[PDB]
>>> print(open('run_36.cif').read())   # mmCIF, C-alpha atoms and all ligand atoms
data_my_file
loop_
_atom_site.label_atom_id
_atom_site.label_comp_id
_atom_site.auth_asym_id
_atom_site.auth_seq_id
_atom_site.Cartn_x
_atom_site.Cartn_y
_atom_site.Cartn_z
CA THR A 26 92.74 -4.82 -111.49
CA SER A 27 93.49 -1.11 -111.20
CA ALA A 28 96.59 0.58 -109.78
CA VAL A 29 94.56 1.28 -106.63
CA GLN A 30 93.80 -2.42 -106.14
CA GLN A 31 97.43 -3.30 -106.85
CA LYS A 32 98.65 -0.89 -104.16
CA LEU A 33 96.13 -2.38 -101.70
CA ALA A 34 97.36 -5.88 -102.54
CA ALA A 35 100.93 -4.78 -101.83
CA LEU A 36 99.86 -3.28 -98.50
CA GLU A 37 98.11 -6.53 -97.62
CA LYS A 38 101.18 -8.59 -98.48
CA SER A 39 103.42 -6.45 -96.28
CA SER A 40 100.90 -6.57 -93.40
CA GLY A 41 100.79 -10.36 -93.16
CA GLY A 42 97.01 -10.31 -92.82
CA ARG A 43 93.79 -10.14 -94.82
CA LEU A 44 92.56 -6.74 -95.93
CA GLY A 45 89.10 -5.78 -97.18
CA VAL A 46 88.32 -2.37 -98.68
CA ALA A 47 85.30 -0.72 -100.28
CA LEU A 48 85.19 2.87 -101.48
CA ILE A 49 82.04 4.44 -102.86
CA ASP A 50 82.57 7.71 -104.73
CA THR A 51 79.26 9.58 -104.84
CA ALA A 52 80.56 11.95 -107.54
CA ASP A 53 80.02 9.32 -110.24
CA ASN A 54 78.59 6.51 -108.11
CA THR A 55 81.60 4.26 -108.73
CA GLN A 56 83.08 1.68 -106.35
CA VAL A 57 86.63 0.52 -105.69
CA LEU A 59 86.78 -2.90 -104.02
CA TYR A 60 89.49 -5.09 -102.58
CA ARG A 61 88.20 -8.46 -101.32
CA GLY A 62 84.92 -6.58 -101.53
CA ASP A 63 82.69 -9.65 -101.42
CA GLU A 64 84.61 -11.58 -98.77
CA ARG A 65 83.19 -11.76 -95.27
CA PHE A 66 85.07 -10.13 -92.39
CA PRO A 67 84.30 -9.94 -88.67
CA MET A 68 82.64 -6.54 -88.06
CA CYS A 69 83.45 -6.18 -84.38
CA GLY A 70 82.47 -2.68 -83.22
CA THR A 71 81.65 -1.42 -86.68
CA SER A 72 78.39 -3.31 -86.12
CA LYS A 73 77.44 -0.65 -83.54
CA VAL A 74 76.42 1.63 -86.42
CA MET A 75 73.69 -0.81 -87.44
CA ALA A 76 72.39 -1.13 -83.87
CA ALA A 77 72.29 2.64 -83.30
CA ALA A 78 70.65 3.14 -86.68
CA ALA A 79 68.00 0.52 -85.87
CA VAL A 80 67.07 2.41 -82.70
CA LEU A 81 66.99 5.68 -84.65
CA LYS A 82 64.60 3.98 -87.09
CA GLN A 83 62.33 2.95 -84.19
CA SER A 84 62.31 6.56 -82.96
CA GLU A 85 60.78 7.71 -86.26
CA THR A 86 57.44 6.40 -85.00
CA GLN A 87 58.13 6.57 -81.24
CA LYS A 88 59.28 10.18 -81.11
CA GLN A 89 60.30 10.20 -77.43
CA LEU A 90 62.26 6.92 -77.62
CA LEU A 91 65.74 8.45 -77.58
CA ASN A 92 64.86 10.11 -74.26
CA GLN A 93 63.89 6.83 -72.58
CA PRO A 94 66.09 6.00 -69.57
CA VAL A 95 67.44 2.45 -69.45
CA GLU A 96 68.71 0.90 -66.21
CA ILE A 97 72.38 -0.09 -65.95
CA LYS A 98 72.90 -2.86 -63.38
CA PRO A 99 76.26 -4.05 -62.05
CA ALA A 100 75.69 -7.38 -63.86
CA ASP A 101 75.36 -5.56 -67.19
CA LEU A 102 79.03 -4.57 -67.33
CA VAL A 103 81.19 -6.44 -69.83
CA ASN A 104 84.84 -6.04 -70.93
CA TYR A 105 84.94 -2.36 -71.93
CA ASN A 106 82.46 0.04 -70.35
CA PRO A 107 84.06 3.51 -70.25
CA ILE A 108 80.74 5.37 -70.08
CA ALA A 109 78.33 2.75 -68.70
CA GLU A 110 80.52 2.14 -65.63
CA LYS A 111 79.72 5.73 -64.57
CA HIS A 112 76.01 4.82 -64.43
CA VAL A 113 75.95 1.53 -62.53
CA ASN A 114 72.76 1.39 -60.45
CA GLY A 115 71.64 4.36 -62.53
CA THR A 116 70.45 4.89 -66.09
CA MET A 117 71.40 5.99 -69.57
CA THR A 118 68.88 7.10 -72.18
CA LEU A 119 68.78 5.43 -75.58
CA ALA A 120 70.44 8.59 -77.00
CA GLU A 121 73.17 8.38 -74.35
CA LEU A 122 73.65 4.66 -75.04
CA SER A 123 73.90 5.38 -78.77
CA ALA A 124 76.46 8.14 -78.24
CA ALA A 125 78.49 5.94 -75.88
CA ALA A 126 78.41 2.92 -78.19
CA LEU A 127 79.34 4.99 -81.24
CA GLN A 128 81.72 7.61 -79.86
CA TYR A 129 83.51 5.58 -77.16
CA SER A 130 82.81 2.03 -78.43
CA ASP A 131 81.26 1.17 -75.08
CA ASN A 132 80.34 -2.50 -75.12
CA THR A 133 77.73 -2.35 -72.36
CA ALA A 134 76.00 0.44 -74.27
CA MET A 135 75.94 -1.76 -77.37
CA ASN A 136 74.31 -4.58 -75.38
CA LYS A 137 71.53 -2.23 -74.30
CA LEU A 138 70.92 -1.21 -77.92
CA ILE A 139 70.78 -4.89 -78.90
CA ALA A 140 68.32 -5.62 -76.09
CA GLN A 141 66.11 -2.70 -77.14
CA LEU A 142 65.92 -4.33 -80.58
CA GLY A 143 64.95 -7.73 -79.15
CA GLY A 144 68.39 -9.32 -79.55
CA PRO A 145 71.03 -9.66 -82.30
CA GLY A 146 68.32 -10.87 -84.70
CA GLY A 147 66.53 -7.55 -84.31
CA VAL A 148 69.62 -5.71 -85.53
CA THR A 149 69.84 -8.11 -88.49
CA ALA A 150 66.14 -7.58 -89.23
CA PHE A 151 66.71 -3.83 -89.47
CA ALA A 152 69.60 -4.44 -91.84
CA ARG A 153 67.30 -6.48 -94.09
CA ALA A 154 64.63 -3.76 -93.97
CA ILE A 155 67.08 -1.21 -95.39
CA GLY A 156 68.22 -3.53 -98.15
CA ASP A 157 71.35 -4.99 -96.61
CA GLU A 158 71.16 -8.71 -97.39
CA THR A 159 74.68 -9.50 -96.17
CA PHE A 160 75.09 -8.13 -92.63
CA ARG A 161 74.47 -10.56 -89.81
CA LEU A 162 74.62 -10.01 -86.05
CA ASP A 163 74.51 -13.29 -84.11
CA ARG A 164 75.94 -12.51 -80.68
CA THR A 165 76.11 -9.85 -77.96
CA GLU A 166 79.19 -8.16 -76.52
CA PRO A 167 81.87 -9.23 -76.05
CA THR A 168 81.64 -12.52 -77.94
CA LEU A 169 80.64 -10.88 -81.22
CA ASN A 170 84.32 -9.83 -81.50
CA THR A 171 85.87 -13.32 -81.40
CA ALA A 172 86.74 -12.93 -85.09
CA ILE A 173 87.41 -16.63 -85.67
CA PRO A 174 88.79 -17.32 -89.17
CA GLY A 175 85.99 -18.64 -91.40
CA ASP A 176 83.24 -18.08 -88.82
CA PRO A 177 80.30 -16.41 -90.60
CA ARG A 178 78.82 -15.09 -87.32
CA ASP A 179 78.86 -11.31 -86.87
CA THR A 180 80.28 -10.66 -90.33
CA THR A 181 79.59 -8.68 -93.45
CA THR A 182 81.44 -7.80 -96.64
CA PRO A 183 83.17 -4.50 -97.37
CA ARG A 184 80.86 -3.84 -100.34
CA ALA A 185 77.72 -4.43 -98.29
CA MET A 186 78.85 -2.32 -95.36
CA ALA A 187 79.91 0.56 -97.62
CA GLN A 188 76.55 0.51 -99.39
CA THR A 189 74.69 0.48 -96.07
CA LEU A 190 76.81 3.22 -94.52
CA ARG A 191 76.08 5.35 -97.60
CA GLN A 192 72.34 4.72 -97.28
CA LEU A 193 72.33 5.54 -93.56
CA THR A 194 74.31 8.80 -93.75
CA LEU A 195 74.10 10.30 -97.24
CA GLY A 196 70.99 8.45 -98.41
CA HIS A 197 67.56 8.10 -96.85
CA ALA A 198 67.40 4.75 -95.09
CA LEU A 199 66.67 6.93 -92.02
CA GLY A 200 64.43 9.97 -91.62
CA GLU A 201 65.97 13.42 -92.00
CA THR A 202 66.47 14.16 -88.29
CA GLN A 203 67.71 10.61 -87.63
CA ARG A 204 70.18 10.71 -90.52
CA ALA A 205 71.57 13.99 -89.23
CA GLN A 206 71.79 12.60 -85.69
CA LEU A 207 73.77 9.58 -86.89
CA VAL A 208 76.13 11.83 -88.86
CA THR A 209 76.62 14.05 -85.79
CA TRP A 210 77.48 11.01 -83.67
CA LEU A 211 79.94 9.61 -86.24
CA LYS A 212 81.66 12.97 -86.71
CA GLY A 213 82.26 13.20 -82.95
CA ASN A 214 83.86 9.76 -82.62
CA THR A 215 86.78 9.64 -80.17
CA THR A 216 88.37 6.31 -81.13
CA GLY A 217 89.41 6.80 -84.75
CA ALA A 218 92.44 9.09 -84.73
CA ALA A 219 94.94 6.37 -85.71
CA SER A 220 92.72 4.68 -88.31
CA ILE A 221 91.11 6.06 -91.52
CA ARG A 222 91.42 9.67 -90.25
CA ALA A 223 95.21 9.32 -90.00
CA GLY A 224 95.49 8.58 -93.71
CA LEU A 225 93.37 11.49 -95.01
CA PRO A 226 94.11 15.21 -95.45
CA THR A 227 93.34 17.00 -92.19
CA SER A 228 91.00 19.45 -93.94
CA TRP A 229 88.58 16.64 -94.83
CA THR A 230 85.61 16.19 -92.51
CA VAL A 231 85.17 12.59 -91.36
CA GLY A 232 82.63 10.57 -89.40
CA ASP A 233 83.75 7.06 -88.51
CA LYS A 234 83.25 3.97 -86.38
CA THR A 235 86.11 1.65 -85.45
CA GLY A 236 86.11 -1.96 -84.35
CA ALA A 237 88.65 -4.36 -82.88
CA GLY A 238 88.71 -8.00 -81.85
CA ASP A 240 90.75 -11.17 -81.56
CA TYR A 241 93.04 -12.23 -84.40
CA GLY A 242 94.38 -8.67 -84.37
CA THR A 243 91.16 -7.58 -86.04
CA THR A 244 91.25 -3.85 -86.70
CA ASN A 245 88.39 -2.12 -88.55
CA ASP A 246 87.06 1.30 -89.49
CA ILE A 247 84.13 2.56 -91.55
CA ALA A 248 83.83 6.21 -92.54
CA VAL A 249 81.79 8.82 -94.33
CA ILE A 250 84.11 11.47 -95.75
CA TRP A 251 83.57 15.01 -97.00
CA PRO A 252 86.62 16.16 -98.99
CA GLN A 254 87.21 19.86 -99.62
CA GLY A 255 85.03 21.02 -102.51
CA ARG A 256 84.08 17.55 -103.74
CA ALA A 257 81.27 14.99 -103.48
CA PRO A 258 81.41 12.79 -100.37
CA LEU A 259 82.89 9.31 -100.17
CA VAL A 260 82.18 6.24 -98.07
CA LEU A 261 85.13 4.02 -97.08
CA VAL A 262 85.24 0.66 -95.31
CA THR A 263 88.59 -0.81 -94.22
CA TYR A 264 88.56 -4.24 -92.55
CA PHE A 265 91.70 -6.08 -91.45
CA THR A 266 92.24 -9.40 -89.68
CA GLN A 267 95.31 -11.56 -88.99
CA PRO A 268 96.30 -15.26 -88.65
CA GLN A 269 97.34 -15.26 -84.96
CA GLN A 270 94.59 -15.26 -82.33
CA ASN A 271 96.66 -12.98 -80.12
CA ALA A 272 97.93 -10.58 -82.79
CA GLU A 273 98.22 -6.90 -81.89
CA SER A 274 95.97 -4.29 -83.49
CA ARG A 275 97.16 -2.64 -86.70
CA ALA A 276 95.38 0.70 -87.06
CA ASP A 277 98.33 1.82 -89.20
CA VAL A 278 97.24 -0.61 -91.91
CA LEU A 279 93.83 1.11 -92.07
CA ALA A 280 95.55 4.52 -92.24
CA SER A 281 97.72 3.22 -95.08
CA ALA A 282 94.70 1.90 -96.97
CA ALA A 283 93.02 5.30 -96.60
CA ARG A 284 96.15 7.06 -97.85
CA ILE A 285 96.14 4.84 -100.96
CA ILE A 286 92.43 5.38 -101.58
CA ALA A 287 92.71 9.18 -101.17
CA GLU A 288 95.14 9.62 -104.07
CA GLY A 289 93.32 11.42 -106.87
CA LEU A 290 90.29 12.23 -104.72
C1 LIG B 1 86.08 -9.74 -77.14
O1 LIG B 1 86.19 -8.42 -77.56
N1 LIG B 1 87.36 -7.92 -77.86
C2 LIG B 1 87.55 -6.65 -78.10
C3 LIG B 1 86.45 -5.65 -77.98
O2 LIG B 1 85.76 -5.54 -76.98
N2 LIG B 1 86.24 -4.77 -79.08
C4 LIG B 1 85.24 -3.77 -79.10
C5 LIG B 1 85.38 -3.12 -80.39
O3 LIG B 1 85.13 -3.56 -81.51
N3 LIG B 1 85.93 -1.98 -79.73
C6 LIG B 1 86.72 -0.78 -79.93
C7 LIG B 1 86.86 -0.11 -81.25
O4 LIG B 1 85.90 0.56 -81.69
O5 LIG B 1 87.92 -0.19 -81.92
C8 LIG B 1 87.49 -0.30 -78.90
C9 LIG B 1 88.51 0.77 -79.15
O6 LIG B 1 89.41 0.82 -78.08
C10 LIG B 1 89.82 2.08 -77.65
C11 LIG B 1 90.71 2.22 -76.44
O7 LIG B 1 89.39 3.08 -78.22
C12 LIG B 1 87.13 -0.61 -77.48
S1 LIG B 1 86.76 -2.30 -77.27
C13 LIG B 1 85.50 -2.43 -78.46
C14 LIG B 1 88.90 -6.13 -78.45
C15 LIG B 1 89.86 -6.99 -78.90
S2 LIG B 1 91.19 -5.87 -79.14
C16 LIG B 1 90.38 -4.41 -78.63
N4 LIG B 1 90.88 -3.07 -78.56
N5 LIG B 1 89.18 -4.88 -78.33
#
>>> encode(input="run_36.cif", output="structure tokens")
Amino acid sequence: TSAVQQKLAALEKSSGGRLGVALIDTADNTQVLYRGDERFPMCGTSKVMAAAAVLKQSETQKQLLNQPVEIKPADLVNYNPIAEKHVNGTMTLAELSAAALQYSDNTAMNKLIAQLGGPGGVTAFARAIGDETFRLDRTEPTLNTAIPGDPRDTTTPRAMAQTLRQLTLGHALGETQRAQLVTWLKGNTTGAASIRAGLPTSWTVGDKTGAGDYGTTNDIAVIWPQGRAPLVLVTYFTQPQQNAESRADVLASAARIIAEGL
């Protein structure tokens, strides 16, 4: 183990939970992993895969993002900050993607999942871009149950870091679609206390958070440091008590550790 991994282990010990980290440094294509091949509940970080899958569809259906989708009262779930403003109205697939990614709207995520034919359609897209680990099994809100040991709606930090790299810096998506995803991630509103809080303020960051039961608190980010090659960082955290409070500070701390030297 390296000093980085040792610091992450110490953070984990003090936190009382289980911490998973994967950093990809595109400068030399190296990876730093902590519990990198253990499965963790994704919660809302899975919204990146769903939005990306719809972007992929739009590469051959060029008007798809503009397609209005009906929002019915019965569609609302447990957290619908944007969709609730469109009950008995519509949101386009672009608007649903922005809401799911930038506000972590759960109704918006369910519409993306439906557009893909269900959770299996999101998983199928993951497989198509070379992610053999990701699995989406449920819709919102049950995909965030985060039960210890439950393989449903999980991935590993290594796999999610590799996929996030391919989606944003690589070419799993077409050029316009890649840029659109990056724009959405950069404009996220929910990440100020997570990875962003542990990085220098001059660094540009795009991220997607997630949260669930068992105090599950997650963040995945693409990072552009000042005058250096970009990084991808996944920080997953989950706890023993079903009713544990969120711990965004732990993600900020992991980011602070990872940033040393970069
Ligand atoms: C059964 O589902 N339980 C959830 C849940 O809906 N998580 C989802 C997820 O991931 N989300 C994020 C997210 O991206 O972190 C926030 C972010 O919240 C805010 C106010 O920005 C809004 S809720 C949504 C849950 C358990 S604890 C918590 N906050 N949510």
>>> atom_distance(input="run_36.cif", atom1="atom CA of residue A:150", atom2="atom CA of residue A:79")
9.0 Å
>>> closest_residue(input="run_36.cif", among="A:272, A:29, A:80, A:198", to="ligand LIG 1 (chain B)", atoms="only C-alpha atoms and all ligand atoms")
A:272
>>> residues_near_ligand(input="run_36.cif", ligand="ligand LIG 1 (chain B)", cutoff="6 Å", atoms="all atoms listed in the file", output="list in words")
residues 69, 70, 105, 130, 167, 168, 170, 171, 216, 235, 236, 237, 238 and 240 of chain A
>>> closest_residue(input="run_36.cif", among="A:203, A:228, A:214, A:26", to="residue A:86", atoms="all atoms listed in the file")
A:203
>>> residues_around(input="run_36.cif", residues="residue A:284", least_positions_apart="2", cutoff="9 Å", atoms="only C-alpha atoms", output="JSON list (two decimals) with C-alpha atoms, in the coordinates of the input")
[["chain", "number", "residue", "atom", "x", "y", "z"],
["A", 221, "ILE", "CA", 91.11, 6.06, -91.52],
["A", 223, "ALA", "CA", 95.21, 9.32, -90.00],
["A", 224, "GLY", "CA", 95.49, 8.58, -93.71],
["A", 225, "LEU", "CA", 93.37, 11.49, -95.01],
["A", 226, "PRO", "CA", 94.11, 15.21, -95.45],
["A", 279, "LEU", "CA", 93.83, 1.11, -92.07],
["A", 280, "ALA", "CA", 95.55, 4.52, -92.24],
["A", 281, "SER", "CA", 97.72, 3.22, -95.08],
["A", 282, "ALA", "CA", 94.70, 1.90, -96.97],
["A", 286, "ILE", "CA", 92.43, 5.38, -101.58],
["A", 287, "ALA", "CA", 92.71, 9.18, -101.17],
["A", 288, "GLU", "CA", 95.14, 9.62, -104.07]]
>>> closest_residue(input="run_36.cif", among="A:90, A:138, A:199, A:52", to="residue A:255", atoms="all atoms listed in the file")
A:52
>>> residues_around(input="run_36.cif", residues="residue A:264", least_positions_apart="4", cutoff="12 Å", atoms="all atoms listed in the file", output="compact mmCIF listing (two decimals) with C-alpha atoms, in the coordinates of the input")
# COMPACT_ATOMS: atom_id res chain seq x y z
CA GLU A 37 98.11 -6.53 -97.62
CA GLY A 42 97.01 -10.31 -92.82
CA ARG A 43 93.79 -10.14 -94.82
CA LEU A 44 92.56 -6.74 -95.93
CA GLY A 45 89.10 -5.78 -97.18
CA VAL A 46 88.32 -2.37 -98.68
CA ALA A 47 85.30 -0.72 -100.28
CA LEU A 48 85.19 2.87 -101.48
CA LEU A 59 86.78 -2.90 -104.02
CA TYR A 60 89.49 -5.09 -102.58
CA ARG A 61 88.20 -8.46 -101.32
CA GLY A 62 84.92 -6.58 -101.53
CA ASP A 63 82.69 -9.65 -101.42
CA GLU A 64 84.61 -11.58 -98.77
CA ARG A 65 83.19 -11.76 -95.27
CA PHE A 66 85.07 -10.13 -92.39
CA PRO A 67 84.30 -9.94 -88.67
CA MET A 68 82.64 -6.54 -88.06
CA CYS A 69 83.45 -6.18 -84.38
CA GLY A 70 82.47 -2.68 -83.22
CA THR A 71 81.65 -1.42 -86.68
CA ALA A 172 86.74 -12.93 -85.09
CA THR A 180 80.28 -10.66 -90.33
CA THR A 181 79.59 -8.68 -93.45
CA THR A 182 81.44 -7.80 -96.64
CA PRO A 183 83.17 -4.50 -97.37
CA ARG A 184 80.86 -3.84 -100.34
CA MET A 186 78.85 -2.32 -95.36
CA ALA A 187 79.91 0.56 -97.62
CA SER A 220 92.72 4.68 -88.31
CA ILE A 221 91.11 6.06 -91.52
CA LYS A 234 83.25 3.97 -86.38
CA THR A 235 86.11 1.65 -85.45
CA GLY A 236 86.11 -1.96 -84.35
CA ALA A 237 88.65 -4.36 -82.88
CA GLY A 238 88.71 -8.00 -81.85
CA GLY A 242 94.38 -8.67 -84.37
CA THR A 243 91.16 -7.58 -86.04
CA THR A 244 91.25 -3.85 -86.70
CA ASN A 245 88.39 -2.12 -88.55
CA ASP A 246 87.06 1.30 -89.49
CA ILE A 247 84.13 2.56 -91.55
CA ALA A 248 83.83 6.21 -92.54
CA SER A 274 95.97 -4.29 -83.49
CA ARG A 275 97.16 -2.64 -86.70
CA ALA A 276 95.38 0.70 -87.06
CA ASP A 277 98.33 1.82 -89.20
CA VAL A 278 97.24 -0.61 -91.91
CA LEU A 279 93.83 1.11 -92.07
CA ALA A 280 95.55 4.52 -92.24
CA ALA A 282 94.70 1.90 -96.97
CA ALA A 283 93.02 5.30 -96.60
>>> closest_residue(input="run_36.cif", among="A:55, A:133, A:188, A:93", to="residue A:160", atoms="only C-alpha atoms")
A:188
>>> decode(input="run_36.cif", residues="stretch 78-97 of chain A", atoms="N, CA, C and O atoms", output="CSV table (one decimal), in the first residue's frame")
chain,number,residue,atom,x,y,z
A,78,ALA,N,-26.3,9.4,-19.9
A,78,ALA,CA,-25.4,9.0,-21.0
A,78,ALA,C,-26.1,8.1,-22.0
A,78,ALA,O,-25.8,8.2,-23.2
A,79,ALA,N,-26.9,7.2,-21.5
A,79,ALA,CA,-27.5,6.2,-22.4
A,79,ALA,C,-28.5,6.9,-23.3
A,79,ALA,O,-28.6,6.6,-24.5
A,80,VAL,N,-29.2,7.9,-22.8
A,80,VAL,CA,-30.1,8.7,-23.6
A,80,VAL,C,-29.3,9.6,-24.6
A,80,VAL,O,-29.7,9.7,-25.8
A,81,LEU,N,-28.2,10.1,-24.2
A,81,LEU,CA,-27.3,10.9,-25.1
A,81,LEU,C,-26.9,9.9,-26.2
A,81,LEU,O,-26.8,10.4,-27.4
A,82,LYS,N,-26.5,8.7,-25.9
A,82,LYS,CA,-26.1,7.8,-26.9
A,82,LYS,C,-27.2,7.5,-27.9
A,82,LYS,O,-27.0,7.5,-29.1
A,83,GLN,N,-28.4,7.3,-27.5
A,83,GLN,CA,-29.6,7.2,-28.4
A,83,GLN,C,-29.7,8.4,-29.3
A,83,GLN,O,-30.0,8.2,-30.5
A,84,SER,N,-29.5,9.6,-28.8
A,84,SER,CA,-29.6,10.8,-29.6
A,84,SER,C,-28.6,10.9,-30.7
A,84,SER,O,-28.7,11.8,-31.5
A,85,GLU,N,-27.6,10.1,-30.7
A,85,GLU,CA,-26.6,10.2,-31.7
A,85,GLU,C,-27.2,9.7,-33.1
A,85,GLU,O,-26.7,10.2,-34.1
A,86,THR,N,-28.2,8.9,-33.0
A,86,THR,CA,-28.8,8.4,-34.2
A,86,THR,C,-30.3,9.0,-34.4
A,86,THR,O,-30.8,9.0,-35.4
A,87,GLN,N,-30.9,9.4,-33.2
A,87,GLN,CA,-32.1,10.1,-33.3
A,87,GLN,C,-31.9,11.6,-32.9
A,87,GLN,O,-32.0,11.9,-31.7
A,88,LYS,N,-31.5,12.4,-33.8
A,88,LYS,CA,-30.9,13.7,-33.5
A,88,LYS,C,-31.9,14.7,-32.9
A,88,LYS,O,-31.4,15.7,-32.3
A,89,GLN,N,-33.2,14.5,-32.9
A,89,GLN,CA,-34.1,15.4,-32.2
A,89,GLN,C,-34.6,14.8,-30.9
A,89,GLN,O,-35.4,15.5,-30.2
A,90,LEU,N,-34.0,13.7,-30.4
A,90,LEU,CA,-34.5,13.0,-29.2
A,90,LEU,C,-34.5,13.9,-28.0
A,90,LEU,O,-35.4,13.8,-27.2
A,91,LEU,N,-33.4,14.6,-27.8
A,91,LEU,CA,-33.3,15.4,-26.6
A,91,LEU,C,-34.5,16.5,-26.5
A,91,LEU,O,-34.8,16.9,-25.4
A,92,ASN,N,-35.0,16.8,-27.6
A,92,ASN,CA,-36.1,17.8,-27.7
A,92,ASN,C,-37.5,17.2,-27.4
A,92,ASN,O,-38.5,18.0,-27.4
A,93,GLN,N,-37.6,15.9,-27.3
A,93,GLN,CA,-38.9,15.2,-27.2
A,93,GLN,C,-39.5,15.5,-25.8
A,93,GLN,O,-39.0,15.1,-24.8
A,94,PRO,N,-40.7,16.1,-25.8
A,94,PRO,CA,-41.4,16.3,-24.6
A,94,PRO,C,-42.0,14.9,-24.0
A,94,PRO,O,-42.5,14.1,-24.8
A,95,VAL,N,-41.8,14.8,-22.7
A,95,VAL,CA,-42.3,13.6,-22.0
A,95,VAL,C,-43.3,14.0,-21.0
A,95,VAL,O,-43.1,15.0,-20.2
A,96,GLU,N,-44.5,13.4,-20.9
A,96,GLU,CA,-45.5,13.8,-20.0
A,96,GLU,C,-45.1,13.4,-18.5
A,96,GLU,O,-44.6,12.4,-18.2
A,97,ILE,N,-45.4,14.4,-17.6
A,97,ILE,CA,-45.3,14.1,-16.2
A,97,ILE,C,-46.7,14.1,-15.6
A,97,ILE,O,-47.4,15.1,-15.6
